[PDB]
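In the entry's author numbering, the protein residues as written are 1 to 185.
All residues carry an ideal CB built from backbone N, CA and C; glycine is no exception.
Let me begin by presenting the structure, written as structure tokens, before commenting on it.
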């Protein structure tokens, strides 16, 4: 599946040398960071998607997520399905779990008041996450069957927006340094 959205955000601090290359291929060389996100994919998120990535470099120095990343509206919801990471494995309020794509994922919700969004500014939104338990191997062809996670959340009072925004396989950071070459499709 040929991708159409490209994401390259940075709060401004440190370095994010993010290269948009051929098709679904992207890469990031970051050093001394604050906040940043990079990701290829689609401009309207679907909950029916099957995402295909292949992390060929995944070398964090600290707090990172190789995570499915996306957004919705009515209500504003920033969500994740984290397949791996560097030093810190994300969490929040446990609801349950869910098997998909070989991994079992923990379910969590977190509240963020005063912080950017696809509206911008400092504001609130709720965050649904599915967090893998082991760190999923990189290197080879991975698959995020996402309906699985949307059906999951839904049985946990985690419903999502009527209005779909961007949905990308992303490289997430917060005051870390490191490296990633992924390819999405």
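Simplified DSSP state of residue i, which is helix, strand or coil
i, result
"residue 33", "coil"
"residue 163", "strand"
"residue 172", "strand"
"residue 95", "strand"
"residue 147", "helix"
"residue 154", "helix"
"residue 88", "coil"
"residue 112", "coil"
"residue 187", "Here the chain comprises residues numbered 1 to 185, so residue 187 is not present and cannot be evaluated."
"residue 63", "coil"
"residue 141", "coil"
"residue 50", "strand"
DSSP bridge partner residues for residue i (one or two, in chain order)
i, result
"residue 181", "27 and 57"
"residue 103", "100"
"residue 40", "6 and 169"
"residue 70", "79 and 167"
"residue 18", "28"
Closest residue to residue i among the options (Cα-Cα distance)
i, options, result
"residue 81", "11, 63, 114 and 101", "101"
"residue 164", "42, 19, 110 and 138", "42"
"residue 26", "35, 16 and 32", "16"
"residue 202", "98, 166 and 109", "The structure shown does not extend to residue 202, since the chain spans only 1 to 185, so no value can be given for it."
"residue 142", "91, 90, 37 and 184", "184"
"residue 3", "34, 24, 149 and 110", "24"
"residue 57", "28, 156, 117 and 113", "28"
"residue 188", "145, 117 and 91", "Residue 188 cannot be examined here, being either before or after the span of the chain that is shown, 1 to 185."
"residue 157", "22, 96, 116 and 89", "96"
"residue 178", "155, 64, 150 and 149", "64"
"residue 114", "8, 123, 85 and 35", "123"
C-alpha distance - residue i paired with residue j, whole-angstrom precision
i, j, result
"residue 134", "residue 180", "19 angstroms"
"residue 87", "residue 121", "29 angstroms"
"residue 94", "residue 1", "33 angstroms"
"residue 69", "residue 38", "9 angstroms"
"residue 159", "residue 71", "13 angstroms"
"residue 30", "residue 14", "7 angstroms"
"residue 154", "residue 22", "36 angstroms"
Sequence-distant residues of its chain with Cβ nearer than 7 angstroms to residue i (five each side left out)
i, result
"residue 67", "80, 81, 82, 83, 170 and 172"
"residue 6", "20 and 40"
"residue 148", "98 and 100"
Residue-chain proximity (residue i, chain B), Cβ-Cβ < 8 angstroms
i, result
"residue 106", "The structure shown contains no chain B; it is built from a single protein chain."
Same chain, Cβ closer than 6 angstroms to residue i, five either side skipped, listed in chain order
i, result
"residue 152", "98"
"residue 55", "66, 138 and 182"
Close-in-space but distant-in-sequence residues of the same chain around residue i (CB under 8 angstroms, 5 per side omitted)
i, result
"residue 103", "83, 132, 133, 134 and 136"
"residue 75", "125, 126 and 161"
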